Amino acid sequence: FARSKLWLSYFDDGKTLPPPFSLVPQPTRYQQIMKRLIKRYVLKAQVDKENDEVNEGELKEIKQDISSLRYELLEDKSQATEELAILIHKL
Amino acid sequence: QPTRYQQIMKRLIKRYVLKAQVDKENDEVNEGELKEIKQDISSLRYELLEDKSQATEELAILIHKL
Amino acid sequence: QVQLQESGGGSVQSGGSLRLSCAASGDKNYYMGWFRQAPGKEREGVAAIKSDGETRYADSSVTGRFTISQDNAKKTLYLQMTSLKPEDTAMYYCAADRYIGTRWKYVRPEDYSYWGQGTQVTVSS
Amino acid sequence: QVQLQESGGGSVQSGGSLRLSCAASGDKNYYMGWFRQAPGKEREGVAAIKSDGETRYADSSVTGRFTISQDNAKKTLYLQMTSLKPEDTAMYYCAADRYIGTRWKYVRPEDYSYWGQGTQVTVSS
Amino acid sequence: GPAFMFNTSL
Amino acid sequence: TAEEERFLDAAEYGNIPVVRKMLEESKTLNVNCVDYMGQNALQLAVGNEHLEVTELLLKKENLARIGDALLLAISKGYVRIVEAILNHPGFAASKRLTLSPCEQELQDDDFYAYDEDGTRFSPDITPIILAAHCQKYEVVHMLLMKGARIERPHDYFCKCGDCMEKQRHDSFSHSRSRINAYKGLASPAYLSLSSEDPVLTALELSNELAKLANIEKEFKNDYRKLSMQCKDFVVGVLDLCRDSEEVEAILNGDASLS
Amino acid sequence: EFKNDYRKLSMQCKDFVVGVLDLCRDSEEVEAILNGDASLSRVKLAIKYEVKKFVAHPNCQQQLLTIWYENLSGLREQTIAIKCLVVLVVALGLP
Ligand SMILES: [Ca+2]
Ligand SMILES: [Ca+2]
Ligand SMILES: [Ca+2]
Ligand SMILES: [Zn+2]
């Protein structure tokens, strides 16, 4: 950072000669680039989040997915039994 | 056909590849790895619930014949 | 129970233009939509519009040629039908519901609780 | 729709040699294979070859005695059958498909969309 | 391709 | 549209019955519809590791983002999805895996494009380089079996036509392109599976990367990191030796301690 | 009293622009981040705002080196002694 400040002092055309010898006298292209980099940033940020450690709350979310799935499946299995139970009555 | 040095190198490289894969499996699990399992349950849920619905429609049309 | 009544239907030649109106009686109609039911088939979505005006259209066959809109303040739902085709001949219903959810963007008839009587649209080529 | 027609079949004595040819008409045939269907059973795989030439053979009974190959440029599929056995008597089909997937290495008939008429091969001992 | 084949087509 | 909203959710969350149904009966659906981030069904299915959805989408012709889905699958190490994508006539029939990053940037077919303009990774990153970067041993092997190789980036003071015109054109893409190539060459996944003598290859490459750290002062940390990757690969191979014969092979090469 | 809260938020903006600069892959993207819409407007702002990692990032540094060695492509790769050698050559012949 400090070296760059030294460089920027010499980029201007005013400081040419040393002090002893200085006595003698639809979207624009930028918008397209910004959109690419921001989308590149958002996707890179989401990838970096997915590289973070998994917490207990994230694992509890999966535990509840199995909990919800278990109730849906067991009730669905019970629906097969009741359909076959009433099938016997007709037969 | 291979020389003895080639046989030793093949053993050590296979020993290295398997050891590297074991060391990867010892790394911490990330959020993305857990999301992959969450989607496995998501995909499995849709397959099973539709499969359960297939039982109902088969029995529904069975009543029509009976 | 919101009361929906459809109007504007009739017989039009192919490539014509029609405008369906739906008068709504009640306040819990934050979600409204249009559904068609061709004979011999099941009722399917056409369009759906929220209170804020966010719309979604079923399929891409009706996109660009069918427009849904609502006075909202005046409690009326409109369906502007242009470039009519013979396969557009069906019975058109307007449905309303207080809430839909994440399935709103699918325009599915089973998510709507209040239904109108339906008006017959017959496009002849 | 790719058109497949089989040729080269016939009756051969046991231990003989046969060569089946399959003329393909169309461009989306990046995956081709040979399938046999013995009477009283279901259609089962024999071999399958990609465009790049990667092959897999069903079972180990046909490995080493059956060879699949394709002119590729000339749009022809070949099955070189050697050391024929009486159980090899079946109806041989060539099938083509644009894409298979991870199930390609199984040589499963249900993964192929375009089928030929099939040629009868009868090996007599 | 690979230098070592640790595994003929399976 | 509602059909595309329903289709994208089905692919993203692995609703295989719905995905299969829509790809069969629907005649008004564009498989190339994108979500709020410009990701179509294939990119959403690959990202969530839906192999069954991925194969259903790839059966549908005129499907887009085939090249990006492979890179996305390689990056996440979805080996089963990778071989499903590598079985798409875009890869199977052509020679995209064999051609170099330079030859790739001459085709200008936008095969590995993830959107209207741009790619998910740097354009110089090929499937084999990406697999080496991520250190996917099985993916590198699969690509190596297909004939994919990392082209060496030439010397820094190379006066050939390619190195002269690339430095003149950009001089920053070229500098980043050679780092990516060396980042794949210096990976243990590619070091072990490519050369017959990975220990000799890693030692020579470690010196080559160490010299470039001085030459490229601004990217010195990038090259020093890659040199250490080759340094601890040969230490890792030496650590696995269990008898004298294995040690004498690593230390003496093919008792001169070469 | 809430100095630590605001300094933490300032660093969040500081490493966001470094993160965007890190994603640039060719000269055009770098010239957009550094020059804004070759006046290094954003480089001067980053120095003014003491966003040190933005200026010290290799993507920004490689752009400064190009301007630093405008017509000295040969002197860029020369050794330190040769660079010190030309200082004396300039010093002796400076008048
Ligand atoms: Ca976390
Ligand atoms: Ca991990
Ligand atoms: Ca999965
Ligand atoms: Zn060169």
Side-chain angles (χ1 to χ4, degrees), chain A residues 45-63 65-66 69, chain B residues 27-50, chain D residues 101-103, chain F residues 9-20 41-58 69 72-85 100-103 105-106 124 150-171 173-182 185 208 211-212 215-216, chain G residues 77:
Chain A
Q46 293 172 353
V47 168
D48 289 342
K49 184 53 193 174
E50 300 302 323
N51 293 337
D52 285 1
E53 62 153 3
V54 37
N55 310 124
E56 300 186 5
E58 307 176 11
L59 188 80
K60 177 209 57 58
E61 179 189 9
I62 290 203
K63 180 186 181 61
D65 291 358
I66 307 171
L69 176 58
Chain B
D27 285 1
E28 62 153 3
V29 37
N30 310 124
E31 300 186 5
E33 307 176 11
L34 188 80
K35 177 209 57 58
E36 179 189 9
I37 290 203
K38 180 186 181 61
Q39 298 297 324
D40 291 358
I41 307 171
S42 178
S43 304
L44 176 58
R45 173 184 176 274
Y46 286 127
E47 303 182 57
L48 291 174
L49 291 180
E50 183 256 351
Chain D
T102 62
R103 207 176 174 86
Chain F
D9 285 1
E12 183 179 1
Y13 305 119
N15 198 338
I16 305 160
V18 171
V19 169
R20 172 171 52 251
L42 185 59
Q43 295 168 300
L44 294 171
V46 169
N48 297 277
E49 213 276 322
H50 297 307
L51 177 65
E52 291 76 24
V53 179
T54 301
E55 296 183 8
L56 286 172
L57 296 168
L58 291 163
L72 176 59
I74 288 180
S75 179
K76 292 166 164 296
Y78 297 156
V79 176
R80 300 182 70 183
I81 291 190
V82 167
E83 56 164 326
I85 299 177
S100 62
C102 310
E103 191 172 0
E105 290 172 298
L106 298 189
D124 54 81
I150 304 197
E151 175 195 0
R152 292 212 157 243
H154 289 186
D155 196 5
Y156 186 89
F157 309 105
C158 190
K159 302 308 175 184
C160 81
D162 293 335
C163 287
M164 184 61 59
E165 74 101 21
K166 287 178 177 59
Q167 177 75 197
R168 175 174 60 256
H169 174 60
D170 203 314
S171 178
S173 303
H174 178 69
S175 181
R176 295 300 306 183
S177 177
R178 64 187 298 102
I179 297 179
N180 289 332
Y182 278 129
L185 289 171
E208 176 176 1
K211 299 185 298 183
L212 285 169
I215 301 180
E216 296 213 14
Chain G
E77 306 86 9

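Labels below follow one simple rule: chain letters A, B, ... track the order of the sequence lines, proteins then strands, and each chain is numbered from 1. All heavy atoms count here, side chains included; hydrogens, waters and symmetry mates do not. Each ligand, and each atom within it, is numbered from 1 in the order the structure gives.
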Identity of the N, O or S atom of B:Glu31 lying closest to the Ca ion (ligand 1): OE2

No-hydrogen, no-angle side-chain donor-acceptor test under 3.5 Å, F:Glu52 and B:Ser43: no

N, O or S atom within F:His154 nearest to the Zn ion (ligand 4), by name: ND1

Backbone of F:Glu49 reached by a side-chain donor or acceptor of F:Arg80 within 3.5 Å: no

Any F:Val46 side-chain heavy atom under 4.5 Å of F:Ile85 side chain: yes

Closest non-hydrogen atom pair between F:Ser173 and F:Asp170, with its separation: OG-OD2, 2.8 Å

Stepwise side-chain contact (heavy atoms from CB on, under 4.5 Å) check, F:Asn15 with F:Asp9: CA-CA 8 Å; F:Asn15 198 338; F:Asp9 285 1; over 6 Å; no

Vertex the Ca ion (ligand 3), arms to B:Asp40 OD1 and F:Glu49 OE1, rounded to 10°: 100°

Which atom of A:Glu53 approaches the Ca ion (ligand 1) most closely (N/O/S): O

The Ca ion (ligand 1): angle it makes with OD1 (A:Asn55) and OE2 (A:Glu58), nearest 10 degrees: 70°

Metal-centred angle, SG of F:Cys163 through the Zn ion (ligand 4) to SG of F:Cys160, rounded to 10 degrees: 110°

Contact flag A:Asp52/the Ca ion (ligand 1), N/O/S atoms, threshold under 3.0 Å: no

N-O pairing of F:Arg152 and F:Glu208 below 4.0 Å: yes

